[PDB]
Amino acid sequence: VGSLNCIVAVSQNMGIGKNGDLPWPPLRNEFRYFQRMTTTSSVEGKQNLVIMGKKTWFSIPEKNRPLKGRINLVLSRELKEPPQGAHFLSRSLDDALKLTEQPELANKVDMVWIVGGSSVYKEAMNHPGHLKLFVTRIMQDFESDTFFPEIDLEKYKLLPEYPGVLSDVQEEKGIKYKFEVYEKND
Ligand SMILES: Nc1nc(N)c2nc(CN3c4ccccc4C=Cc4cc(OCCCC(=O)O)ccc43)cnc2n1
(Lines give C-alpha, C1' and ligand atoms only; values in the text may rest on other atoms or scores of the structure.)
Protein backbone atom coordinates (compact mmCIF):
# COMPACT_ATOMS: atom_id res chain seq x y z
CA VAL A 1 0.00 0.00 0.00
CA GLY A 2 1.19 3.43 -1.20
CA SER A 3 0.87 7.06 -0.33
CA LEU A 4 -2.01 8.52 1.69
CA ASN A 5 -3.73 11.55 0.18
CA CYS A 6 -6.81 13.76 0.62
CA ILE A 7 -8.46 15.50 -2.30
CA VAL A 8 -11.03 18.29 -1.85
CA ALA A 9 -12.58 21.22 -3.65
CA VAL A 10 -13.33 23.98 -1.14
CA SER A 11 -14.84 27.52 -1.35
CA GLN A 12 -13.13 30.59 0.06
CA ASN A 13 -15.42 30.24 3.05
CA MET A 14 -14.04 26.71 3.66
CA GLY A 15 -17.34 25.08 2.43
CA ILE A 16 -17.53 21.60 0.88
CA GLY A 17 -21.23 20.61 0.83
CA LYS A 18 -24.76 21.85 1.22
CA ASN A 19 -27.78 19.50 1.69
CA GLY A 20 -26.03 16.58 0.09
CA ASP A 21 -24.87 18.57 -2.88
CA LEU A 22 -21.91 20.65 -3.94
CA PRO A 23 -22.08 24.34 -2.95
CA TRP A 24 -21.26 25.54 -6.47
CA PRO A 25 -22.48 24.69 -9.94
CA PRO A 26 -20.72 21.76 -11.72
CA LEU A 27 -17.17 22.64 -12.81
CA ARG A 28 -16.58 19.95 -15.39
CA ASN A 29 -12.83 20.43 -15.82
CA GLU A 30 -12.47 20.38 -11.96
CA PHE A 31 -14.40 17.08 -11.88
CA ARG A 32 -12.06 15.74 -14.63
CA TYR A 33 -9.09 16.68 -12.43
CA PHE A 34 -10.58 14.74 -9.47
CA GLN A 35 -11.18 11.74 -11.70
CA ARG A 36 -7.65 11.75 -13.21
CA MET A 37 -5.87 12.36 -9.85
CA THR A 38 -7.79 9.56 -7.94
CA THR A 39 -7.73 7.01 -10.77
CA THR A 40 -4.12 7.33 -11.89
CA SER A 41 -1.78 4.64 -10.50
CA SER A 42 1.61 3.85 -12.10
CA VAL A 43 1.97 0.64 -10.19
CA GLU A 44 0.99 -1.99 -12.77
CA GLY A 45 -1.66 -4.50 -11.63
CA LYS A 46 -3.03 -2.34 -8.78
CA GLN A 47 -5.68 0.36 -8.38
CA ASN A 48 -6.03 3.30 -6.05
CA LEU A 49 -8.31 3.05 -3.04
CA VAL A 50 -10.95 5.75 -2.60
CA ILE A 51 -12.30 6.17 0.91
CA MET A 52 -15.45 8.07 1.67
CA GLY A 53 -17.96 8.60 4.48
CA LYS A 54 -21.55 7.17 4.28
CA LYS A 55 -23.12 10.55 3.30
CA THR A 56 -20.54 11.33 0.64
CA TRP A 57 -21.14 7.84 -0.90
CA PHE A 58 -24.91 8.40 -1.15
CA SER A 59 -24.47 12.04 -2.33
CA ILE A 60 -22.15 11.35 -5.25
CA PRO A 61 -24.21 11.14 -8.50
CA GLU A 62 -25.40 7.56 -8.63
CA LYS A 63 -24.59 6.98 -12.30
CA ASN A 64 -20.90 7.54 -11.38
CA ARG A 65 -20.85 4.98 -8.44
CA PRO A 66 -18.82 2.99 -7.71
CA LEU A 67 -16.07 5.29 -8.98
CA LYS A 68 -14.70 3.39 -12.01
CA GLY A 69 -11.08 2.14 -12.08
CA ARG A 70 -10.79 2.55 -8.28
CA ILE A 71 -11.48 0.28 -5.26
CA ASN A 72 -14.37 1.94 -3.36
CA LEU A 73 -14.48 1.66 0.43
CA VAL A 74 -17.14 3.33 2.63
CA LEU A 75 -16.60 4.31 6.25
CA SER A 76 -19.60 3.85 8.56
CA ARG A 77 -20.41 2.59 12.07
CA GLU A 78 -24.08 2.32 11.08
CA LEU A 79 -23.95 0.20 7.93
CA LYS A 80 -23.40 -3.55 8.34
CA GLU A 81 -22.58 -4.32 4.63
CA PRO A 82 -20.84 -2.18 1.84
CA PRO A 83 -23.73 -0.09 0.41
CA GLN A 84 -24.85 -0.30 -3.30
CA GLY A 85 -21.87 -1.96 -4.99
CA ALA A 86 -19.09 -0.37 -2.91
CA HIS A 87 -16.45 -3.16 -2.53
CA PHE A 88 -15.59 -2.62 1.20
CA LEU A 89 -16.91 -1.19 4.49
CA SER A 90 -14.87 -0.19 7.57
CA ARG A 91 -15.77 1.64 10.80
CA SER A 92 -12.87 4.13 10.61
CA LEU A 93 -9.88 5.23 8.64
CA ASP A 94 -7.61 3.21 10.96
CA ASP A 95 -9.72 0.03 10.35
CA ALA A 96 -9.70 0.82 6.57
CA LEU A 97 -5.89 1.17 6.63
CA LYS A 98 -5.71 -2.17 8.51
CA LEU A 99 -7.93 -3.92 5.93
CA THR A 100 -5.43 -2.79 3.37
CA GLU A 101 -2.92 -5.28 5.01
CA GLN A 102 -5.30 -8.29 5.04
CA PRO A 103 -5.00 -10.85 2.15
CA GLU A 104 -8.00 -9.53 0.11
CA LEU A 105 -6.45 -6.05 -0.37
CA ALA A 106 -2.68 -6.54 0.24
CA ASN A 107 -1.53 -6.92 -3.35
CA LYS A 108 -4.33 -4.85 -4.79
CA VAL A 109 -4.03 -1.20 -3.65
CA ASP A 110 -1.57 1.54 -4.68
CA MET A 111 -2.42 5.05 -3.50
CA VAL A 112 -5.13 5.92 -1.03
CA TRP A 113 -7.38 8.86 -1.64
CA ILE A 114 -9.64 10.25 1.01
CA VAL A 115 -12.52 11.92 -0.86
CA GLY A 116 -14.80 13.19 1.99
CA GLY A 117 -16.74 14.19 3.87
CA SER A 118 -15.89 16.53 6.76
CA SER A 119 -15.49 13.86 9.57
CA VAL A 120 -13.34 11.71 7.28
CA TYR A 121 -11.06 14.60 6.36
CA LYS A 122 -10.76 15.44 10.12
CA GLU A 123 -9.73 11.77 10.75
CA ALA A 124 -7.09 11.92 8.03
CA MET A 125 -5.74 15.32 9.19
CA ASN A 126 -5.55 13.70 12.69
CA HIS A 127 -3.76 10.62 11.31
CA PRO A 128 -0.08 10.62 12.22
CA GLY A 129 2.58 11.07 9.54
CA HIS A 130 2.70 11.80 5.82
CA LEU A 131 -0.32 13.19 4.08
CA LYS A 132 -0.55 15.10 0.74
CA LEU A 133 -3.58 17.38 0.31
CA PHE A 134 -4.78 18.23 -3.11
CA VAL A 135 -6.86 21.32 -2.61
CA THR A 136 -8.85 23.12 -5.29
CA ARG A 137 -9.35 26.65 -3.93
CA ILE A 138 -12.57 28.06 -5.45
CA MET A 139 -12.04 31.77 -5.12
CA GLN A 140 -15.45 32.93 -3.92
CA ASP A 141 -17.89 32.20 -1.11
CA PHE A 142 -20.76 29.64 -1.50
CA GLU A 143 -23.41 28.77 1.14
CA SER A 144 -22.37 25.51 2.78
CA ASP A 145 -23.48 23.37 5.77
CA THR A 146 -20.33 21.19 5.85
CA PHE A 147 -16.77 22.41 5.89
CA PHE A 148 -13.17 21.35 5.29
CA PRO A 149 -10.94 21.58 8.44
CA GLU A 150 -8.25 24.25 8.89
CA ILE A 151 -4.96 23.67 7.00
CA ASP A 152 -2.13 24.18 9.58
CA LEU A 153 0.65 25.92 7.64
CA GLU A 154 3.06 25.04 10.51
CA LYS A 155 2.51 21.40 9.48
CA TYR A 156 1.72 21.67 5.71
CA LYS A 157 3.85 23.25 2.98
CA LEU A 158 2.69 24.25 -0.42
CA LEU A 159 4.47 22.49 -3.29
CA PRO A 160 4.34 25.25 -5.97
CA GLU A 161 5.05 23.23 -9.03
CA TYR A 162 3.57 19.84 -9.01
CA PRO A 163 3.85 17.55 -12.02
CA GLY A 164 0.44 17.08 -13.70
CA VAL A 165 -1.08 20.05 -11.82
CA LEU A 166 -1.82 23.33 -13.60
CA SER A 167 -0.37 26.31 -11.78
CA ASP A 168 -2.20 29.26 -13.32
CA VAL A 169 -5.63 30.44 -12.19
CA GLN A 170 -8.43 28.50 -13.93
CA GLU A 171 -11.92 29.70 -14.75
CA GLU A 172 -15.18 27.92 -15.58
CA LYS A 173 -18.71 29.46 -15.57
CA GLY A 174 -17.14 32.76 -14.54
CA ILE A 175 -15.82 31.14 -11.29
CA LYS A 176 -12.08 31.25 -10.77
CA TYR A 177 -10.08 28.60 -8.88
CA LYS A 178 -6.57 27.19 -8.44
CA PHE A 179 -5.32 23.65 -7.99
CA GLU A 180 -2.94 23.47 -4.99
CA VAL A 181 -0.93 20.69 -3.47
CA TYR A 182 0.13 20.70 0.23
CA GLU A 183 2.26 18.09 2.09
CA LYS A 184 2.76 17.31 5.79
CA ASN A 185 5.33 15.20 7.72
CA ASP A 186 4.45 15.10 11.40
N1 LIG B 1 -10.97 18.26 -6.28
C2 LIG B 1 -12.08 17.63 -5.86
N3 LIG B 1 -12.08 16.82 -4.77
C4 LIG B 1 -13.20 16.17 -4.39
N5 LIG B 1 -13.20 15.36 -3.31
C6 LIG B 1 -14.37 16.39 -5.15
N7 LIG B 1 -15.53 15.83 -4.79
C8 LIG B 1 -16.64 16.03 -5.52
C9 LIG B 1 -17.93 15.34 -5.04
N10 LIG B 1 -18.93 15.02 -6.06
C11 LIG B 1 -20.24 15.36 -5.89
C12 LIG B 1 -20.72 15.14 -4.61
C13 LIG B 1 -22.06 15.45 -4.33
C14 LIG B 1 -22.90 15.95 -5.33
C15 LIG B 1 -22.42 16.16 -6.62
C16 LIG B 1 -21.09 15.86 -6.88
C17 LIG B 1 -20.75 16.08 -8.21
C18 LIG B 1 -19.76 15.40 -8.92
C19 LIG B 1 -18.91 14.43 -8.40
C20 LIG B 1 -18.37 13.58 -9.37
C21 LIG B 1 -17.47 12.58 -9.01
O22 LIG B 1 -16.95 11.72 -9.94
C23 LIG B 1 -17.75 11.66 -11.17
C24 LIG B 1 -17.15 12.49 -12.30
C25 LIG B 1 -18.25 13.18 -13.12
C26 LIG B 1 -17.87 13.15 -14.60
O27 LIG B 1 -17.47 12.05 -15.03
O28 LIG B 1 -17.88 14.23 -15.23
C29 LIG B 1 -17.11 12.43 -7.67
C30 LIG B 1 -17.64 13.28 -6.70
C31 LIG B 1 -18.53 14.28 -7.09
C32 LIG B 1 -16.60 16.90 -6.62
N33 LIG B 1 -15.46 17.48 -6.96
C34 LIG B 1 -14.35 17.24 -6.23
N35 LIG B 1 -13.20 17.85 -6.57
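Numbering of residues begins at 1 and proceeds along the displayed sequence.
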Colleague: Does anything in residues 144-168 pair up under salt bridge (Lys or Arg N to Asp or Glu O under 4.0 Å), and if so which pairs, sequence neighbours excluded?
Modeller: none

Colleague: Under the salt bridge (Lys or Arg N to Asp or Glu O under 4.0 Å) rule, what pairs show up with a residue in residues 66-81, not counting sequence neighbours?
Modeller: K54-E78

Colleague: Look at the side chain of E30 and the backbone N and O of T136, then say whether any donor-acceptor pair between them is shorter than 3.5 Å.
Modeller: no

Colleague: Would you check, one step at a time, whether the test side chain to side chain contact (heavy atoms under 4.5 Å, CB included) holds for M52 with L67?
Modeller: CA-CA 11 Å; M52 66 195 80; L67 295 183; 3.9 Å; yes

Colleague: Return yes if some donor-acceptor pair links the side-chain N/O of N48 with the main-chain N/O of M111 below 3.5 Å, else return no.
Modeller: yes

Colleague: Without swapping roles, check the side chain of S118 against the backbone of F147 for a donor-acceptor pair under 3.5 Å.
Modeller: yes

Colleague: When you measure from the side chain of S90 to the backbone of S92, do you find a donor-acceptor pair of N or O atoms at a distance under 3.5 Å?
Modeller: no

Colleague: Crowded around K184 NZ? As in, over 12 foreign heavy atoms under 6.0 Å?
Modeller: yes

Colleague: Quick check: is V74 connected to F88 through a chain of hydrophobic side chains (ILVMFWY, heavy atoms under 4.5 Å apart)?
Modeller: no

Colleague: Can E171 and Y177 be counted as having a side-chain donor-acceptor contact under 3.5 angstrom?
Modeller: no

Colleague: For the pair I7 and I114, evaluate side chain to side chain contact (heavy atoms under 4.5 Å, CB included) and give the outcome as yes or no after the intermediate values.
Modeller: CA-CA 6 Å; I7 184 166; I114 290 158; over 6 Å; no

Colleague: Which heavy-atom pair separates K108 from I71 by the least distance, and what is that distance?
Modeller: O-CD1, 3.7 Å

Colleague: Applying side chain to side chain contact (heavy atoms under 4.5 Å, CB included) to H87 and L73, what does each step give before you reach the verdict?
Modeller: CA-CA 6 Å; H87 318 280; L73 182 156; over 6 Å; no

Colleague: Run the side chain to side chain contact (heavy atoms under 4.5 Å, CB included) check on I51 and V112 step by step: do they pass?
Modeller: CA-CA 7 Å; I51 298 174; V112 355; 3.5 Å; yes

Colleague: Would you find a donor on one side and an acceptor on the other, under 3.5 Å apart, between the side chain of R36 and the backbone of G164?
Modeller: yes

Colleague: List for me each residue that meets ring-ring contact (aromatic ring centres under 6.0 Å, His included) alongside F134, sequence neighbours excluded, and say none if there are none.
Modeller: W113, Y162

Colleague: Taking all non-hydrogen atoms of both residues, which atom of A9 and which atom of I138 are closest, and how far apart?
Modeller: CB-CD1, 4.2 Å

Colleague: Could you walk me through whether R137 and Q12 satisfy the side-chain hydrogen bond (donor to acceptor under 3.5 Å, both in side chains) test, starting with their C-alpha distance in whole Å, then the side-chain angles of each, then the deciding distance to 0.1 Å, before giving a yes or no?
Modeller: CA-CA 7 Å; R137 276 211 293 112; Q12 184 176 264; over 6 Å; no

Colleague: Can any side-chain N or O of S41 pair as donor or acceptor with the backbone N or O of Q47 at less than 3.5 Å?
Modeller: no

Colleague: Write down the atom of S144, the atom of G15, and the distance for their closest heavy-atom approach.
Modeller: OG-CA, 3.2 Å

Colleague: Can you see whether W24 engages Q140 through a side-chain donor-acceptor pair at a distance of less than 3.5 angstrom?
Modeller: no

Colleague: Is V169 isolated, or which residues cluster with it under the ILVMFWY side-chain rule of less than 4.5 Å, directly or via members?
Modeller: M139

Colleague: Does anything in residues 91-100 form a salt bridge (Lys or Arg N to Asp or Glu O under 4.0 Å)? List the pairs, not counting sequence neighbours.
Modeller: none

Colleague: What residues, two or more places apart in sequence or in another chain, satisfy ring-ring contact (aromatic ring centres under 6.0 Å, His included) together with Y33?
Modeller: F179

Colleague: Going by the side-chain contact (heavy atoms from CB on, under 4.5 Å) test, name the single residue among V115, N5, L49 that passes it with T38.
Modeller: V115

